[PDB]
Amino acid sequence: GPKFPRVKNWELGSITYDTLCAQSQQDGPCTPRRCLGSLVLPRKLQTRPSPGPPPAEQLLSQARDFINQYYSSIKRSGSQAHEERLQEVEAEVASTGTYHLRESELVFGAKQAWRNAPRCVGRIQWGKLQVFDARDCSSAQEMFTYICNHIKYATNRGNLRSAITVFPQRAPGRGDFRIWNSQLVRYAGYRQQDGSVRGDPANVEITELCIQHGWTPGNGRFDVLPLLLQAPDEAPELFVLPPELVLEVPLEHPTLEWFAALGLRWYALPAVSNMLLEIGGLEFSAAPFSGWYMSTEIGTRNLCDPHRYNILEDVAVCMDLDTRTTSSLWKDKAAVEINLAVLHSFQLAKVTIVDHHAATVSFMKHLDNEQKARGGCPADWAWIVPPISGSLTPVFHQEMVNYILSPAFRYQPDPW
Amino acid sequence: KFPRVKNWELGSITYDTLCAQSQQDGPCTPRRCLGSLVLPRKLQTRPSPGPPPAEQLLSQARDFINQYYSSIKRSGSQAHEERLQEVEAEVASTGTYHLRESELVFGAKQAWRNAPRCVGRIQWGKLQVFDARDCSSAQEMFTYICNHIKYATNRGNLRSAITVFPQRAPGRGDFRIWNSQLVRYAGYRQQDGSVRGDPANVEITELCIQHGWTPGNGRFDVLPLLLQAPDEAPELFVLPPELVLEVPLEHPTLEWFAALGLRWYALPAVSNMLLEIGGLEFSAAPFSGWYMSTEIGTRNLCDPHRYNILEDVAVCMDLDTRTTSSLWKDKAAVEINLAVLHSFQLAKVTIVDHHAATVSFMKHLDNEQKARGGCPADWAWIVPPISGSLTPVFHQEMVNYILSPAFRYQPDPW
Ligand code: HEM
Ligand code: HEM
Ligand SMILES: [Zn+2]
C-alpha cells in the first residue's frame, strides 16, 4: 500500500497513513537496530551552545524552508512577495551572517513550534496563542517587566490564556538572553541536614543558585522562588515576583474534609522558561511560554512522584489504607483522591484546568484535524498517555508516529 | 554507539551494550520512531514454501549453537566443534537442520528472556518445556495441549510452560493453532452489531461455528480449539470443562459486585505466535505463565472494545457519570482491579498485581545489566495500563531491540 507509516487505532479499528513525517529534516535518536523513543533527553535536538557563527549555508537552507512554510501558510507560495522575501533573507545573511523575522513570521513560527511539539497533549489549542514580541528587550530589568506582564495577561485572574514572550535571538560572539529557572513559578527545594528535602526536590539546584546570588531563603514547603534573569554577557540578576501576581490554589477534597488540613497547594500557571524556540535556523534562547494545567501533572506527577513531593503514603495513611502490601492497591486509591482534590480545588477557585479524560478526547480530535490538514501529527506516545488510568483514555489505543518538525521547541544546556 | 540509559527516579545511569548483538531490524529510522505500533508492517514471517538461503540459515544456526555452548560453559570444547559440524552437514545436504532437546529447552527460555514486551521476565529461568516435535496429527496436538493445560494450571498453583510442535518445513504447510489463546471466551455478533461475550474473539468464534461448533449464548462461553496439521483443514476440539479453571469475580467489600456475574480464566496461554530458534521456526508453540491483575481488571474488562464494564460498575457504585472530572472511570477501574486480586487470592489461583510485578522487573533489569550488559524492553508495554507513574518502570528509560531466539507474530492461517 502507501509507502508511509500505517497507523492504527485499536479501539475503533481505523487506519491512517502519516505522510507528514516525509517533511522532517532533523534526525531523531532511533535506528533500525534499536528504538530509543523512551529516552527523555536523547543527544539529538539538544541545542548545545554553538558560540561561533553557524554555517551560513546551513542557516540559509533552514531560513528558506521556513520562509517557504510561511508563504505557504498565507497561500502566496511562488508569488513576487515570496521570492522577494527569500532574496531579502539571503542578502541579510550574506552581509551580516544572520537575519531577522518580520512580526507576522514570528507569530506564525511560535504557533507552529507548539503545533509541532510531539510531547504536548494540549495541541488542539495551538491556533490560540498570544505572542508577545519582546525582541526590543535590552536588560535583565526589562526582561522582568515583560515576564510580569506575561504572567498577568496569561493568568487573567483564573481564566488562563496561552501565551509566549519572545526575547532577542542569539547572535555570534555575544551572550544569550536566558531565564535560569525552568519555569516562571517553582517551589524552593531546601536540602536538609539529614540529606532529605523540604519543598520540591526537583528544584534543589536552582534554589541553591538563587541563594548563591543573594536570595534569602525561607523554610517552607511551598516557597515561590525568585527569578534569575540574564541579559547578554552579564551575570544573572535576581528578581522577586510580587505575591499578588502568583496565583495559587489551596488544595481541598470534595468529601474528605481532612485533606485541606494537609496544607497542600499548587500554582495556577504552568510556564516553561528554559527551552529554546527555533525558527528558520534562528535561535530564541529566552522565550517563556505558558498554557494551563492538565490535572494529572499536579495530582499525579508533582505530588506523587517518589522524587517529587511523594505524598502517596501520607494520604493513604489518612485514608486508613493497608500500606503494608501492594495488593491492597493503596497507591492507586490515594492517587485517585489526590487527583480529584486538584480538580475540585481548581474548579472551586475558578482557575482553568483540564482533566486527563477531557484532554485526551480533545487530543484525539486534534489528531483528526491534523490528519486532514497536514497528513499526520508527530506524537510521543509515552508523554501523551496520562500517568494514571492510561488505557481508560482514548490515546492509549492510538498508535503514534514520532518525528521532529521545525519550527520547534528544544531543550538547551543550562547557562551555568 | 551505546545508548546511555537513565532512571529519573534514582538518577542512576547505565549503558546498553547488548543492543550491539541485534541482527534483526525494528520499524524505526532516524527520520521517525514507530515504537508505539503493535504489529510490524514488514517484520512479519513470510511463507516457507521454499528453503531459506543456506548461508543465512547457517549463520543463524552457528550463532545459536555458539550461544548454547557458552551457556553450559563448554565453548570451544570438542562437543561444541562437533555440533557445529553436524549442523553444517545437515544444512548443506538438506537445506535445514534439527535441534537437540537440550538446545530447544535453552532456546525457549532465551526467547522469553529476549521478549521486550514482557514484564514478568524475572521468571525466565523457570519454564517447563514440553517437546512435542513427534506430533503428526491435530488429534495428537489436542492431547499435548490438554496435558500442557493440566500441568500449567496445577490446581491453581500455576507453573510456566511451553509446548513445542513440529518446526516449519519448505513447501509443506505449518502445524498451527488457530486460536490466539488456549482459553478464549466467545464473542457473538447480534442483531444490531452489538456483541455478547468478548468482542476481541468475534472472528475466531465464527470460524469455530463454521467448522461445526454448536454455539452457546452466554458472556463467558469457553471456545473450542481449532487445531491444524500440515495442509489439512483445521479440526475442532472441545476442551474438557474440568481442565479450564475459572475464577468467579467478587469484591472484598462491595456486596453487589458478585451480582454482575463476571469471571475470568486462570490460565493465560498465547498460542498464535512463532518461536524462532537458530533460524528454525516453530509455528505452533503455545506458552503460558500467570496473569498480572491489570490484564484482566483493566484491559480485558474495561477496554472500550472489550467487555467495557466501566459504566455498569460506576452506576452500581452510584458515581457521578455526568462528567469526566468526577473521575468515575478511575474510581471504578481501581475497584474492578481490586476485585480481580481479591477473587484470585480467594480461589487460591496465582496472580500478581502491577506494583509487585514492576518491582520484580526492575530487579530483572539490574540482573540483566550485570549478566548481558542490557535488556531489551518496550516501555509502552512494560508500564501498566493504570497508575503508570505510581510504578518504578515508568521512570526508567528503556532500549528496545530484537534479539534471537525470539517470539514473533505470524500471519493468521485463514
Ligand atoms: C493550553 C494548555 C496546555 C495543556 C493542557 C498542555 C499540556 C501538556 C502536558 C500534559 C505536557 C507534558 C508535561 C510533562 O509530562 O512534563 C505538555 C508538554 C509540552 N507542551 Fe503543552 N500544553 C498546553 C499548552 C502549551 C503551550 C501554550 C505550549 C507552547 C506554546 C506548549 C508546549 C509544550 C511542549 C514543548 C511540551 C514538552 C516540554 C518538555 O519536553 O518538557 N504546551 N503540554
Ligand atoms: C510468569 C508470569 C508472566 C507474567 C506475569 C507475564 C506478563 C506479561 C504481560 C503483562 C504482558 C503484556 C500483555 C498485553 O498487554 O497484551 C506479557 C507479554 C508477553 N510475555 Fe509475559 N508474562 C509471564 C510469562 C510469560 C511466559 C511463560 C512467556 C514465554 C515463555 C512470556 C512471553 C511474553 C511475550 C512474547 C509477550 C508479548 C506478547 C505479545 O506481543 O502480544 N510471558 N507478559
Ligand atoms: Zn523508536
Side-chain angles (χ1 to χ4, degrees), chain B residues 23-24 39-40 42-65 67-68 86-112 114-115 129-142 144-145 148 162-182 225-235 269-287 402-414:
Chain B
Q23 301 300 304
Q24 176 61 57
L39 307 176
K42 181 69 176 182
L43 287 53
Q44 191 66 84
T45 310
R46 276 278 127 287
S48 178
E55 296 206 306
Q56 181 55 46
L57 176 51
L58 185 63
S59 60
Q60 284 178 272
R62 277 177 153 280
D63 171 70
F64 172 69
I65 297 300
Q67 279 190 54
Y68 176 69
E86 292 182 359
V87 172
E88 290 260 356
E90 212 177 320
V91 173
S93 300
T94 69
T96 190
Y97 76 102
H98 300 77
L99 302 171
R100 297 304 140 241
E101 170 159 35
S102 63
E103 305 171 334
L104 175 66
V105 175
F106 165 75
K109 295 176 182 178
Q110 288 302 122
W112 181 7
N114 299 331
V129 177
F130 294 115
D131 181 1
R133 295 174 291 168
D134 65 325
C135 182
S136 64
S137 71
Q139 178 170 50
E140 287 178 0
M141 289 179 75
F142 181 61
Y144 271 105
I145 285 172
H148 178 132
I162 182 170
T163 291
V164 188
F165 293 107
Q167 68 201 57
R168 302 184 66 198
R172 187 211 68 190
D174 300 341
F175 275 80
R176 288 296 302 273
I177 294 171
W178 282 35
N179 311 52
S180 59
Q181 282 185 42
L182 299 185
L225 302 182
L226 280 179
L227 307 178
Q228 175 173 54
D231 303 299
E232 289 303 319
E235 282 170 44
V270 172
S271 52
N272 63 173
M273 291 184 78
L274 183 155
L275 169 61
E276 181 270 306
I277 299 170
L280 298 185
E281 295 170 334
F282 299 93
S283 58
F287 54 90
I402 301 175
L403 294 180
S404 177
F407 281 113
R408 306 177 184 178
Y409 300 118
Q410 68 190 317
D412 283 336
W414 61 81

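Below, each value reflects all heavy atoms present in this structure, side chains not excepted, and no hydrogens, waters or symmetry copies. Proteins get letters first, then strands, A, B, ... in listed order; numbering begins at 1 in each.
- Aromatic rings of B/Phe175 and B/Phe282 (six-membered ring for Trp) have centroids beyond the 6.0 Å cut-off, not under it.
- Remark: B/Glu235 CD to B/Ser137 OG distance equals 7.0 Å, nearest 0.5 Å.
- At distances below 3.5 Å, at least one donor-acceptor pair connects side-chain atoms of B/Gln67 with backbone N or O atoms of B/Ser404.
- Going from atom NE2 of B/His148 over to atom OG1 of B/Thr163 covers 5.0 Å, rounded to the nearest 0.5 Å.
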B/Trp178/B/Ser271 under side chain to side chain contact (heavy atoms under 4.5 Å, CB included): CA gap, chis, key distance, verdict: CA-CA 8 Å; B/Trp178 282 35; B/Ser271 52; over 6 Å; no

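- The structure places CZ of B/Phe165 at 10.0 Å from CD of B/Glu140, a figure rounded to the nearest 0.5 Å.
- Counting heavy atoms from C-beta on, the side chains of B/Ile145 and B/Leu182 come closer than 4.5 Å.
- Within the 3.5 Å criterion, the main-chain N or O of B/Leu39 finds no donor-acceptor partner in the side chain of B/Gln44.
- Counting heavy atoms from C-beta outward, B/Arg62 and B/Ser59 have side chains that stay 4.5 Å or more apart.
- Checked by atom type and distance alone, the side chain of B/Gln56 never pairs as donor or acceptor with a backbone atom of B/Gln60 at under 3.5 Å.
- In this structure the side chain of B/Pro286 reaches within 4.5 angstrom of the side chain of B/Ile177, judged on heavy atoms.
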Working for side chain to side chain contact (heavy atoms under 4.5 Å, CB included), residues B/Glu103 and B/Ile65: CA-CA 8 Å; B/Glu103 305 171 334; B/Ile65 297 300; 3.7 Å; yes

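- A 4.5 Å side-chain heavy-atom check between B/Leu99 and B/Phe64 finds at least one atom pair inside the cut-off.
- Taking each heavy atom of B/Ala229 and B/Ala138 in turn, the nearest pair found is CB-N, 3.9 Å.
- Proximity of a side-chain donor or acceptor of B/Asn179 to a complementary backbone N or O of B/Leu226 within less than 3.5 Å is detected.
- The line from CZ of B/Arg408 to OG of B/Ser283 is 14.0 Å long, rounded to the nearest 0.5 Å.
- Distance check: B/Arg100 CZ to B/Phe106 CZ gives 16.0 Å after rounding to the nearest 0.5 Å.
- The two residues B/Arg46 and B/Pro411 make their nearest non-hydrogen contact at NH1-CG, 4.0 Å.
- The shortest distance between side-chain heavy atoms of B/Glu281 and B/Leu275 does not fall below 4.5 Å.
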Side chain to side chain contact (heavy atoms under 4.5 Å, CB included) between B/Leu280 and B/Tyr97, worked out: CA-CA 8 Å; B/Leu280 298 185; B/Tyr97 76 102; 3.8 Å; yes

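- Listed here is the closest heavy atom pair of B/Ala132 and B/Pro166: O-CD, 3.4 Å.
- Annotation: side chain of B/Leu274 is in contact with side chain of B/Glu276 (closest heavy-atom distance under 4.5 Å).
- Closest of all the heavy-atom pairs between B/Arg176 and B/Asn272 is NH2-O, 4.0 Å.
- Between the side chain of B/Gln228 and the backbone N or O of B/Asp174, no donor-acceptor pair lies under 3.5 Å.
- Residues B/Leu104 and B/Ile277 have side chains in contact (heavy-atom distance under 4.5 Å, counting atoms from C-beta outward).
- Looking at B/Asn114, its side chain does come within 3.5 Å of a backbone N or O of B/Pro405 through a donor-acceptor pair.
- Of the possible polar contacts, none joining the B/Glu90 side chain to the B/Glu86 backbone as a donor-acceptor pair under 3.5 Å is found.
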CA sep, side-chain torsions, deciding dist, call: B/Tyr144, B/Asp134, side-chain hydrogen bond (donor to acceptor under 3.5 Å, both in side chains): CA-CA 11 Å; B/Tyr144 271 105; B/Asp134 65 325; 2.3 Å; yes

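- Closest approach of B/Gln167 and B/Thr96 over heavy atoms only: NE2-OG1, 3.8 Å.
- With B/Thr45 contributing its side chain and B/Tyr409 its backbone, the two residues share a donor-acceptor pair below 3.5 Å.
- Looking only at side-chain heavy atoms (C-beta outward), B/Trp112 and B/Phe287 stay at 4.5 Å or farther from each other.
- Between B/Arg133 and B/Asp131, at least one side-chain nitrogen of the basic residue sits less than 4.0 Å from a carboxylate oxygen of the acidic one, meeting the salt-bridge criterion.
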